[PDB]
A.B. asks: 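So that we are looking at the same thing, I have put the structure below in structure tokens.
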Amino acid sequence: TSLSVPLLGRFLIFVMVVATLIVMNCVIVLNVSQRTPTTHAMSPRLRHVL
Amino acid sequence: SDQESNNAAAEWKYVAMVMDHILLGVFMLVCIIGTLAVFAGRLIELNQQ
Ligand SMILES: CC(C)CCC[C@@H](C)[C@H]1CC[C@H]2[C@@H]3CC=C4C[C@@H](O)CC[C@]4(C)[C@H]3CC[C@]12C
């Protein structure tokens with residue numbers, strides 16, 4: 001039925017969204033970590049921030 | 001000789017990185033456009049009731 005979303009479905013969609021966000025986070029962390037001088041320039045602002 | 005070979009390899013890697021950035025933009029844009037083009041027509045038709 002479609003009058004409301006069941007708790008089980010809500011929880012599963014929530015954990016799927018959290019997993020997707022953490023996948024995006026891992027991709028971003030890997031992008032930042034594997035930067036090398038021969039391709040990327042040293043950002044000083046991000047370095048000072050982090 | 002190794003430094004020259006590594007510089008050529010790094011040129012190839014840079015080309016791959018540029019292609020990756022373009023494709024990231026293109027695929028996010030295509031995801032948005034597909035999501036809209038599939039549903040938005042019917043959704044606006046229903047909202048106009
Ligand atoms: C994407 C993340 C943030 C949320 C995942 C859970 C989803 C499925 C939840 C979050 C908020 C929820 C909605 C909140 C309130 C209502 C109004 C109610 O009268 C019918 C269900 C409905 C429409 C819910 C459906 C399920 C819902 C969309």
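Heavy atoms only: backbone and side chains are in, while hydrogens, waters and symmetry mates are out. Convention: sequence-line order gives letters A, B, ...; per-chain numbering from 1.
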A.B. asks: What do you reckon, is CE of A/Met42 surrounded by more than 12 foreign heavy atoms closer than 6.0 Å?
C.D. replies: yes
A.B. asks: Hey, quick one: are B/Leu29 and B/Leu23 part of the same hydrophobic cluster, counting side-chain heavy atoms closer than 4.5 Å, chains of contacts allowed?
C.D. replies: no
A.B. asks: Excluding sequence neighbours, so at least two apart, what forms salt bridge (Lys or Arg N to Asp or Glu O under 4.0 Å) with B/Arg42?
C.D. replies: B/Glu45
A.B. asks: Please name the residue in the list A/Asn25, A/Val23, A/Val17 that meets the side chain to side chain contact (heavy atoms under 4.5 Å, CB included) test with A/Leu21.
C.D. replies: A/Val17
A.B. asks: What's the separation between atom CG in B/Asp2 and atom CG in B/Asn7, rounded to the nearest 0.5 Å?
C.D. replies: 11.0 Å
A.B. asks: Using the side chain to side chain contact (heavy atoms under 4.5 Å, CB included) definition, which of the options B/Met19, B/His21, B/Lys13 pairs with B/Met17?
C.D. replies: B/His21
A.B. asks: With a 3.5 Å distance limit and no angle check, can you tell me whether B/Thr35 reaches the backbone of B/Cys31 through a side-chain donor-acceptor pair?
C.D. replies: yes
A.B. asks: Roughly how far apart are A/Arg45 CZ and A/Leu50 CG, rounded to 0.5 Å?
C.D. replies: 10.5 Å
A.B. asks: Report yes or no: do A/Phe14 and A/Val5 belong to one cluster of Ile/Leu/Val/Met/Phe/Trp/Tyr joined by side chain heavy-atom distances under 4.5 Å?
C.D. replies: no
A.B. asks: Report the C-alpha distance between B/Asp20 and B/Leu24 in whole Å, list the side-chain angles of each, state the deciding distance to 0.1 Å, and finish with yes or no for side chain to side chain contact (heavy atoms under 4.5 Å, CB included).
C.D. replies: CA-CA 6 Å; B/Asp20 250 346; B/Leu24 176 68; over 6 Å; no
A.B. asks: Which pairs pass side-chain hydrogen bond (donor to acceptor under 3.5 Å, both in side chains) with one or both residues in residues 30-41 of chain A, sequence neighbours excluded?
C.D. replies: A/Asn31-A/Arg35
A.B. asks: Treat each ILVMFWY residue as a node, draw an edge where side-chain heavy atoms are under 4.5 Å apart, and state whether A/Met24 and A/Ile13 are in one component.
C.D. replies: yes
A.B. asks: Please go through B/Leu43's hydrophobic cluster and name the other residues, only I, L, V, M, F, W, Y counting, with side-chain heavy atoms under 4.5 Å joining them.
C.D. replies: B/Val38, B/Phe39
A.B. asks: Atom CG of residue position A/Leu8 - does it have more than 12 heavy atoms of other residues, nucleotides or ligands inside 6.0 Å?
C.D. replies: no
A.B. asks: Under 6.0 Å from the NE2 atom of A/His48, do we count more than 12 heavy atoms belonging to anything else shown?
C.D. replies: no
A.B. asks: State yes or no: do B/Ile22 and B/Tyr14 share one hydrophobic cluster built from I, L, V, M, F, W and Y residues joined by side-chain heavy-atom distances below 4.5 Å, directly or via other members?
C.D. replies: yes
